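*Asks:* Pasting a structure below so you can have a look.
Neighbour counts are summed over all protein chains in view; Cβ atoms, including those assigned to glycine, are modelled from backbone coordinates with ideal geometry. Throughout, read-outs are computed from the coordinates displayed, never taken from laboratory work.
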Amino acid sequence: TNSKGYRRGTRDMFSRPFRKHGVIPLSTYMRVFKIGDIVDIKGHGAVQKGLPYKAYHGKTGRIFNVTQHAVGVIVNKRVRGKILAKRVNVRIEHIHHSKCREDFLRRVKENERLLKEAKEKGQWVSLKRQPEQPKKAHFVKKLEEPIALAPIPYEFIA
Amino acid sequence: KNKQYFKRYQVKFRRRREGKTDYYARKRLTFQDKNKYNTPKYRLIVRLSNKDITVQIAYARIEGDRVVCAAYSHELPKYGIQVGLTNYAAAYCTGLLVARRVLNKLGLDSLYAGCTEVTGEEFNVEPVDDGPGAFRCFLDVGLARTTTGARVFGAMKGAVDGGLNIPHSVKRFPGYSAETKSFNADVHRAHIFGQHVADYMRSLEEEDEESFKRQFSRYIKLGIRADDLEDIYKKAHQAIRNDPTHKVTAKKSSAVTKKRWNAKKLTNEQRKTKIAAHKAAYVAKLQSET
Amino acid sequence: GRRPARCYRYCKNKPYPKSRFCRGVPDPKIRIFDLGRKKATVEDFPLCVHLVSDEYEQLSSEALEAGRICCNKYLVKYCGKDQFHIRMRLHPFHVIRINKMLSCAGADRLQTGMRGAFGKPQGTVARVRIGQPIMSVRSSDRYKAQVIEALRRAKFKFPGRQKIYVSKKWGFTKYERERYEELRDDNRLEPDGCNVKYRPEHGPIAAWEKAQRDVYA
Amino acid sequence: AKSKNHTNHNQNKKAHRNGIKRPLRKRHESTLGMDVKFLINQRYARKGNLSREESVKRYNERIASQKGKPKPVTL
Amino acid sequence: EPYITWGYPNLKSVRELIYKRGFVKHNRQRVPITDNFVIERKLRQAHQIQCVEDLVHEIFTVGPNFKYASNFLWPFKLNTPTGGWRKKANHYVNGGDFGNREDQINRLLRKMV
Amino acid sequence: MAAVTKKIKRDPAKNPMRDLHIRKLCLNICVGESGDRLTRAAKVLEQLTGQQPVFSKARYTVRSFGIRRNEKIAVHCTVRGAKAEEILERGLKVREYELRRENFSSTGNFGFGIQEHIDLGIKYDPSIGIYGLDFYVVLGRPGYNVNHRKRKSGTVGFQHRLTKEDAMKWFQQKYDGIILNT
RNA sequence: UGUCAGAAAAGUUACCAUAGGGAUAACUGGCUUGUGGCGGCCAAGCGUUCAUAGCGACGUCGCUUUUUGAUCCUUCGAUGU
RNA sequence: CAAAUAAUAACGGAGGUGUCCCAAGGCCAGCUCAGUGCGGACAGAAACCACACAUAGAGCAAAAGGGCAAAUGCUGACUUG
RNA sequence: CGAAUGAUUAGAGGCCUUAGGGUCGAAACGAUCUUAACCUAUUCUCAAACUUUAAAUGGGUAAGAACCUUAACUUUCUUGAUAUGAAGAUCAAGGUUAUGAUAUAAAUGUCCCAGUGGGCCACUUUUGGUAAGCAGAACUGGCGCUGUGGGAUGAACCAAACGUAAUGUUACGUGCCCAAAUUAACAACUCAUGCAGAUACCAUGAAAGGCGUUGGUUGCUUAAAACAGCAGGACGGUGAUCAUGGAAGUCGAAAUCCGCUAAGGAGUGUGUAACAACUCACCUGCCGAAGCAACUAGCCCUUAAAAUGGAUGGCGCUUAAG
RNA sequence: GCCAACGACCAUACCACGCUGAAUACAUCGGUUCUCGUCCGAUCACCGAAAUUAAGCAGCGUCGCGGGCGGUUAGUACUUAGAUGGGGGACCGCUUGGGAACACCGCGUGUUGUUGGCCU
């Protein structure tokens, strides 16, 4: 009967990776964080100041604040069963940029590049994503060394 | 040591493996705030050598520092100083050369002239009104030992004489004693104009006159006498204040394919034929057993 | 009090070791794992024969101790004194505890009736898996029939069921007998006691001519 | 007599009924616990917008009277 | 999967389910068919469906208004098979029922329609 | 091995810049325990060297010699460069320059020890007492400050780095000693 | 203010009382069997000689709750121990 | 334990707390630790001096865990955030 | 686990100068090195409080007017020497709202509204405990709170949730109880002398066997005449020795070498005190066709012992009604 | 082809050796009056010029170690979901998807940014 307290169970959460110990690379402090930016939390065990508490590791929020060393990130925690949006002041070394939306934003960049040159053709602009449709009718040619090439089900004996 | 701490071996970065960077200071020199979002900070980098003084202005960007102004000591022959390129005196020129090199291209030489009245006092430029102040640098010394009177502090007073706003204290200027401070501009003024290099070569024709052919050689070749240095450096402090034009050269265009020497390394077909005859002629040599 | 493994037959739990965290673990009275001519070379004993578990049992230390002696005493009686190497490949680092209830004098009431349960380590056992060997005897091919009966006599002292496999290997090395014979027929099998050394192309080259200076000379 | 404490049984049936409830999406989220020197006369970066188009596209040529600030902003 | 069987309908199975069993959704209510005006009054201004064979077309050949052609319908409240089932809790490929029957959804719709 | 070397020889790779001079000489007096005995032992080296020496403290406790943590047992100093060649050869003819064989480290330094400290041109002077000393001669070529600078450091390599058998080679020539195979 | 969201607090009752409790012991009944014993395999060996006439080590697989624990399910408006 | 987010029980298992600290806090600078090898009179298994290797195998009031090498370790400088 | 930390098993190659002393030698270095240390290439087996690696099922976020690119304004706080930053406030320009499927109507307040705050069962994962119809947890589904169909019976299992009716169609079943097959449907398996066997959960039964029968895998002999049987020898070159219960063809047994041909065993034996013979090999027969073992897993048997009389639910079934 | 200062990623860059090296450089190097610091001008600080096969980033070489990427292990191990499946149990088969790891073999052995120069 514990969780309680504050870095418990984080023997593997705030560990370092293997041979990624030591000095922090310098671009970690050279990243720019503007208000309203999507941001993951993966805490740094080698920076003992401004670590998020363990519920928020692995999560994802939006930057609501910038101060001199940290960003306020607003993160969702399910406190059962309901979702509060938690405001967590977290230092910059524990904070990353989300890649999730900058491969949505390279489609807004193409839902206006492809609708641009569609002023000549007209249609279909085809600006929606399609799931993996079932395949087609297609003519598999053999030739290729005609078949059989015939498996039979056999591997036991030892 | 044998295959198994090599597996667990984590190198240091690349430059701390090679002595170049602190990274405990590089972390703290290149610190910008996060609510100062992408503003550069432009530190002042004077690195010494044996026969060069590289002064630079670089700002912290991710894919490398970007160098915005670079004045060396191997160009001060163009301004009237032929030898003694790594002086305490010859740094204040490259200090002052890199400040006037950057305020003309930033247009900030009409305002922020500087200190041509070179005295050795503490000099902190008050901001010219109708707007904020001047270009700020911060001094980046590396791991030069910052004891009082080093030549690395001989480019901070050179650059602050051009007019740049680099934050100060005179504690490490040559001629400010340690009990107390005891400001004394005159030993700083002596060192600025190269007096105590002149005084040593005015004290060496009294003790050991043969040692001119030793230390302070090539003053004998180029004819620089000891009473000239207080006016060699003085007339250089306006010939530098009149032509800071970056020394840009145009070979046009001889950098790539020069001309003959690509230095290929043993394409793996050769290495597998290198150990074709290395293996075949060994057992033929072992057929000279029988 | 050495109660047998007769009623142990749901075994559940992650292996508690004899480590720096339950210190008080005893010296084992079951120590030796291998016997016979254990100084024989690779070339002496071509035949390997295993006793292989086709269940998921929990073989006891006293079961494994008993089964080695019955495999020993038949082989030193029939196929020669030192024509075998028995390797008992199940080293039992397990802790089975016991809640002992010191209930002498019938009156004390203090220690444990059902509250509370710290244990005391008495057992030591080996998990086997399907297809996983239990002991391998290495001997010649003249005594192939004498080998299997000593493993048969060891079967009836283990729980579960077990299958006696003549392996097609050449000894305890992980080679086919043909692939052992081909690879030893040029240079590449540089022998040791139990095992050979393998097929070296690396590194760097100094131990290639040392082979070639000892294939010709 | 000491019966049965602690279970998360029924606790997600019972928490999925009135459902598991995202907060709600606002156009105006609060500025509180935010950097106060970022806010305190950016209150007056709003209050300096006395006009925004009439007197303001006058300014595009009022500073192009001095040809803008095209060079010296480059430090 | 274990609560469901599916497969790939014929044209005849598309028709017989909409002819015999096809009901339709009219302002949240369930309205049988009985004429083409129940299909046309809700899918001809927006989509181009007025007949029954319209609704059989853009369901069978999966057309661009399939989303509307199949949410217009109510779920087909089928009968029970004649001869009944096979096991109901094994896969079709085990010994029979749930999952993809794949062409044998037709034979089972003859029993249910 | 037999990797191709190709050995381009524009000059025979001799050693003008590879001097194998004396770096420094280490002079220790490991007195047993503290008190005023080190003070009268420390002043024998300002007589010998001129530099005032340093008071090395004992690291561990032993209870067998009587030393503890920080009990100031020894006195040492170091002499570097052409002033060692006073105190080297002045204490080497005491050892009658012919010296033992090991006595010669694999690291290239070598050293010896003499008792009877008044054979260094020192008058006997019973106000201080006689002492036994510890002479260690570290030895090196130019470029050995490559690992000593704080900025842009490095390591010396194989050649240069001088063996035992080139300190002996330096000793059969300078002072003309014999190596005394014992 | 450690009973740590924080009364100011020693026993005994076989002379006993009350409200309840099978949310809770004492015995029966149930499940359980570590403990005892009764079986079957393998055979080191004992038995002058002979492995099983009679035995039978180290192992091994079961049966047996009744002693005996463990348990708290039924009964405390009472199942006579 | 705990079943790869967090949560999670038993009189489950292994321990720790009720303190210590004018430095063991703050910060700059210099420095490299465990051990190992070849050496140097008394001096040995260890005393000290000195060279070479040392991925932290040391040390950090820390119970365990994480973390840390021109440091958060060792030494000095001023210091009281 | 031929990576660290912890274990742990065996050898192999060696630095050596650690020897535990050796060995041929007073110690020897004049040689074998003897072994054990130490080093190096391997090796067996492993970890609730180890881990380079690393799933499945999971956790979070995103998937557009609340948007995307502009233009130039505001700012003291805001930063910059920039009233280009960074936030904000405006005008400009932008085909087809930017996966799928759904919409039981969703949103939001108030009575902080009543009851509740003993739970219990199950798959899977789990801890304690020898075990438990025991103790404690995670997950989802259930009983509580719920009838009805099936499991004879039954809180929970399988199916299915329920207005009042008519008709038709459905997992468990179809010898009789009892609705529906003693199936104009089959192929096999099995004989059980005191519970043959008979539907999940589930109402127990093992290890190990069977020249009981059924199928199967491996190896020999074979159409050179085997297999079986009626028909021959089996003594000995010799109590070599081992040996006196005693080994003369034989307990044990270091040891191990010999008859003859068509063809005979220093030979296993209760103990034939020690001897004899004898006969399961060899091989000439007749026979003249398949024989031999070893192994495997179906059913049945065996292993298999309780107390009122008794339970596949009952009857009863045996080319089944298992 | 390179050289330097400042870097980013932080072993494809490391480690062990071996062998080259034009030119700018970078060094080692010389000295202690000055500023500065040591027990010591070795280190640090400062003045600044008399010889090169050590640093240095390399040019590299290595059937190199490590590290890196691919292949193969392997549709293997495990695992989602299912059954009135099996078995006395332990556990195992199949259905429905998902899908590793060591090793093993092969491959390559820093990539580049800004600013100043050199041209074999």
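*Asks:* Within segment A:86-108, restricting attention to residues that are in contact (Cβ under 8 Å) with a residue 24 or more places away in the chain and hydrophobic (A, V, I, L, M, F, W, C), which residue is farthest from the other protein chains (Cβ to nearest Cβ)? Quick ask: steps written out before the conclusion?
*Replies:* Step one: filter segment A:86-108 for residues in contact (Cβ under 8 Å) with a residue 24 or more places away in the chain, giving A:86, A:88-98, A:100-101.
Subset that is hydrophobic (A, V, I, L, M, F, W, C): A:88, A:90, A:92, A:95, A:100.
Values: A:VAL88: 11, A:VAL90: 12, A:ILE92: 6, A:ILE95: 10, A:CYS100: 17 Å.
Per the stated criteria, the residue is A:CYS100.
*Asks:* What do you reckon, is A:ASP40 surrounded by fewer than 13 Cβ atoms within 10 Å (Cβ to Cβ), of a type in the set (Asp, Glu) and away from chain B (no Cβ under 14 Å)?
*Replies:* Judged against the criteria, A:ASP40 is not a match.
*Asks:* Is it the case that segment C:166-179 has a residue that's more than 14 Å from chain B (Cβ to nearest Cβ) and within 16 Å of RNA strand G (Cβ to nearest atom)?
*Replies:* Checked against the condition, which is being more than 14 Å from chain B (Cβ to nearest Cβ) and within 16 Å of RNA strand G (Cβ to nearest atom), segment C:166-179 yields no hits at all.
*Asks:* Which of the residues spanning segment E:36-76 are hydrophobic (A, V, I, L, M, F, W, C) and surrounded by fewer than 17 Cβ atoms within 10 Å (Cβ to Cβ)?
*Replies:* Correct list: E:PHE37, E:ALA46, E:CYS51, E:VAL62, E:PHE66, E:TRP74, E:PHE76.
*Asks:* Considering only segment C:180-194, I want to know if a residue exists there that is of a type in the set (A, V, I, L, M), surrounded by 13 or more Cβ atoms within 10 Å (Cβ to Cβ), part of a helix (DSSP H, G or I) and in contact with a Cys (Cβ under 6 Å, 6 or more places away or on another chain).
*Replies:* If we filter segment C:180-194 for residues that are of a type in the set (A, V, I, L, M), which is where we start, we get C:183, C:189.
Next, only the ones that are surrounded by 13 or more Cβ atoms within 10 Å (Cβ to Cβ) stay: C:183, C:189.
Now narrow it down to the ones that are part of a helix (DSSP H, G or I): C:183.
Among the residues that remain, those that are also in contact with a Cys (Cβ under 6 Å, 6 or more places away or on another chain) are: none.
There is no residue in segment C:180-194 that is of a type in the set (A, V, I, L, M), surrounded by 13 or more Cβ atoms within 10 Å (Cβ to Cβ), part of a helix (DSSP H, G or I) and in contact with a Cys (Cβ under 6 Å, 6 or more places away or on another chain).
*Asks:* List the number of the failed condition for F:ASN103; all other conditions in (1) farther than 30 Å from F:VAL156 by Cβ; (2) within 16 Å of the chain's Cα centre (by Cα) hold.
*Replies:* Of (1) farther than 30 Å from F:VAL156 by Cβ; (2) within 16 Å of the chain's Cα centre (by Cα), only one is false for F:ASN103: (1).
*Asks:* Of the residues that make up segment F:55-66, is at least one of a type in the set (A, V, I, L, M, F, W, C), surrounded by 16 or more Cβ atoms within 10 Å (Cβ to Cβ) and free of Cβ contacts under 8 Å to residues at least 40 places away in the same chain? Quick ask: steps written out before the conclusion?
*Replies:* Start the filter on segment F:55-66 by keeping residues that are of a type in the set (A, V, I, L, M, F, W, C), which leaves F:55, F:58, F:62, F:65.
Then keep just the ones that are surrounded by 16 or more Cβ atoms within 10 Å (Cβ to Cβ); that gives F:58.
From the residues that got through so far, the ones that are free of Cβ contacts under 8 Å to residues at least 40 places away in the same chain too are F:58.
Checked against the condition, which is being of a type in the set (A, V, I, L, M, F, W, C), surrounded by 16 or more Cβ atoms within 10 Å (Cβ to Cβ) and free of Cβ contacts under 8 Å to residues at least 40 places away in the same chain, segment F:55-66 yields at least one hit.
*Asks:* Can you tell me how many residues within segment B:61-100 are of a type outside the set (D, E, K, R), in contact (Cβ under 8 Å) with a residue 12 or more places away in the chain and within 14 Å of chain A (Cβ to nearest Cβ)?
*Replies:* As a first pass, look at segment B:61-100 and keep what is of a type outside the set (D, E, K, R): B:62, B:64, B:67-74, B:76-77, B:79-99.
With the extra rule that they be in contact (Cβ under 8 Å) with a residue 12 or more places away in the chain, the set shrinks to B:68-74, B:76, B:79-99.
Now narrow it down to the ones that are within 14 Å of chain A (Cβ to nearest Cβ): none.
So the count comes out to 0.
*Asks:* Can you name the residue in segment A:66-85 that is more than 10 Å from every other protein chain (Cβ to nearest Cβ) and buried (at least 16 other Cβ atoms within 10 Å of the Cβ) and is also nearest to A:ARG8 (Cα to Cα) among such residues?
*Replies:* The selected residue is A:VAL75.
*Asks:* Follow-up question, since we're still on this one. Could you grab me the full set of residues in segment B:239-269 that are surrounded by 12 or more Cβ atoms within 10 Å (Cβ to Cβ) and either within 16 Å of RNA strand H (Cβ to nearest atom) or part of a helix (DSSP H, G or I) (or both)?
*Replies:* Once the filter is applied, which keeps residues that are surrounded by 12 or more Cβ atoms within 10 Å (Cβ to Cβ) and either within 16 Å of RNA strand H (Cβ to nearest atom) or part of a helix (DSSP H, G or I) (or both), segment B:239-269 yields only B:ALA239.
*Asks:* Which residue, of B:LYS34, B:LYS7, B:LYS1, is away from every other protein chain (no Cβ under 12 Å), part of a loop (DSSP other than H, G, I, E, B) and charged (D, E, K, R)?
*Replies:* Values: B:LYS34 fails: away from every other protein chain (no Cβ under 12 Å); B:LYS7 fails: away from every other protein chain (no Cβ under 12 Å).
Just a single option satisfies the conditions, and that option is B:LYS1.
*Asks:* Take C:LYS38 and decide whether it is out of contact with any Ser or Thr (no Cβ under 6 Å at 6 or more places or on another chain), within 6 Å of RNA strand I (Cβ to nearest atom) and closer than 12 Å to C:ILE96 by Cα.
*Replies:* No.
*Asks:* Continuing with the same structure: Show me the strands (runs of 3 or more DSSP E) entirely contained within segment C:36-135 in which 3 or more residues are within 16 Å of RNA strand J (Cβ to nearest atom).
*Replies:* The strands (runs of 3 or more DSSP E) meeting that bar are C:58-60, C:125-127.
*Asks:* Would you mind telling me which numbered condition in (1) free of Cβ contacts under 8 Å to residues at least 40 places away in the same chain; (2) among the hydroxyl-bearing types (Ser, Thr, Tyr); (3) closer than 21 Å to B:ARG241 by Cβ B:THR148 fails?
*Replies:* (3)
*Asks:* If I filter segment E:89-104 down to residues being in contact with an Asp or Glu (Cβ under 9 Å, 6 or more places away or on another chain) and part of a loop (DSSP other than H, G, I, E, B), which single residue comes out as farthest from RNA strand H (Cβ to nearest atom)?
*Replies:* E:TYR92
*Asks:* Mind checking whether some residue in segment F:112-127 is more than 14 Å from every other protein chain (Cβ to nearest Cβ), within 16 Å of RNA strand J (Cβ to nearest atom) and surrounded by 14 or more Cβ atoms within 10 Å (Cβ to Cβ)?
*Replies:* Looking through segment F:112-127, none of the residues is more than 14 Å from every other protein chain (Cβ to nearest Cβ), within 16 Å of RNA strand J (Cβ to nearest atom) and surrounded by 14 or more Cβ atoms within 10 Å (Cβ to Cβ).
*Asks:* For B:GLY120, indicate whether it is assigned to a loop (DSSP other than H, G, I, E, B), more than 30 Å from B:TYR219 (Cβ to Cβ) and over 20 Å from the mean Cα position of the chain (by Cα).
*Replies:* no
*Asks:* Anything in segment C:195-209 that is within 12 Å of chain B (Cβ to nearest Cβ) and surrounded by 10 or more Cβ atoms within 10 Å (Cβ to Cβ)? List them, or say none.
*Replies:* Selection gives C:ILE205, C:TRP208, C:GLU209.
*Asks:* Next up: Regarding segment A:49-65, can at least one residue be identified that is away from every other protein chain (no Cβ under 13 Å), without any contact (Cβ under 8 Å) to a residue 40 or more places away in the chain and either part of a loop (DSSP other than H, G, I, E, B) or in contact with a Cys (Cβ under 8 Å, 6 or more places away or on another chain) (or both)?
*Replies:* Yes: segment A:49-65 contains one or more residues that are away from every other protein chain (no Cβ under 13 Å), without any contact (Cβ under 8 Å) to a residue 40 or more places away in the chain and either part of a loop (DSSP other than H, G, I, E, B) or in contact with a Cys (Cβ under 8 Å, 6 or more places away or on another chain) (or both).
*Asks:* Given the condition away from RNA strand G (no atom under 12 Å from the Cβ), within 14 Å of another protein chain (Cβ to nearest Cβ) and among the hydrophobic types (A, V, I, L, M, F, W, C), answer yes or no: does some residue in segment C:136-154 qualify? It would help to see each step written out before you state the result.
*Replies:* The initial filter retains those residues of segment C:136-154 that are away from RNA strand G (no atom under 12 Å from the Cβ), namely C:136-148.
With within 14 Å of another protein chain (Cβ to nearest Cβ) added as a condition, the list becomes none.
Within segment C:136-154 (the criterion being away from RNA strand G (no atom under 12 Å from the Cβ), within 14 Å of another protein chain (Cβ to nearest Cβ) and among the hydrophobic types (A, V, I, L, M, F, W, C)), the answer is no, since none of the residues qualifies.
*Asks:* Any residue in segment F:1-16 that is exposed (fewer than 10 other Cβ atoms within 10 Å of the Cβ) sitting within a Cβ distance under 8 Å of a residue that is not hydrophobic (A, V, I, L, M, F, W, C)? List the pairs, counting only those 6 or more apart or interchain.
*Replies:* Short answer, once both residue conditions are applied: F:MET1/C:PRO204; F:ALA2/B:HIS278.
*Asks:* With the checklist (1) under 18 Å from the mean Cα position of the chain (by Cα); (2) under 21 Å from C:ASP27 (Cα atoms) in hand, flag the one item C:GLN122 doesn't pass.
*Replies:* (1)
*Asks:* Determine whether segment D:38-45 contains at least one residue that is in a helix (DSSP H, G or I), surrounded by 10 or more Cβ atoms within 10 Å (Cβ to Cβ) and under 16 Å from the mean Cα position of the chain (by Cα).
*Replies:* Going residue by residue through segment D:38-45, those that are in a helix (DSSP H, G or I) are D:38-39.
Filter again for surrounded by 10 or more Cβ atoms within 10 Å (Cβ to Cβ), leaving D:38-39.
Filter once more, keeping what is under 16 Å from the mean Cα position of the chain (by Cα): D:38-39.
Among the residues of segment D:38-45, at least one is in a helix (DSSP H, G or I), surrounded by 10 or more Cβ atoms within 10 Å (Cβ to Cβ) and under 16 Å from the mean Cα position of the chain (by Cα), which makes the answer yes.
*Asks:* Do we have any residue at all in segment E:18-30 that's closer than 27 Å to E:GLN104 by Cα, among the hydroxyl-bearing types (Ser, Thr, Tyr) and crowded, with 16+ Cβ neighbours inside 10 Å?
*Replies:* no
*Asks:* Sticking with this one: Any chance you could count how many residues in segment B:1-10 are more than 9 Å from RNA strand I (Cβ to nearest atom) and either aromatic (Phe, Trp, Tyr) or out of contact with any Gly (no Cβ under 9 Å at 6 or more places or on another chain) (or both)?
*Replies:* Summing the residues that are more than 9 Å from RNA strand I (Cβ to nearest atom) and either aromatic (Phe, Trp, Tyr) or out of contact with any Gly (no Cβ under 9 Å at 6 or more places or on another chain) (or both) in segment B:1-10 gives 1.
*Asks:* Looking at (1) within 14 Å of chain D (Cβ to nearest Cβ); (2) without any contact (Cβ under 8 Å) to a residue 60 or more places away in the chain, can you tell me which one A:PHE33 breaks?
*Replies:* Exception for A:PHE33: condition (2).
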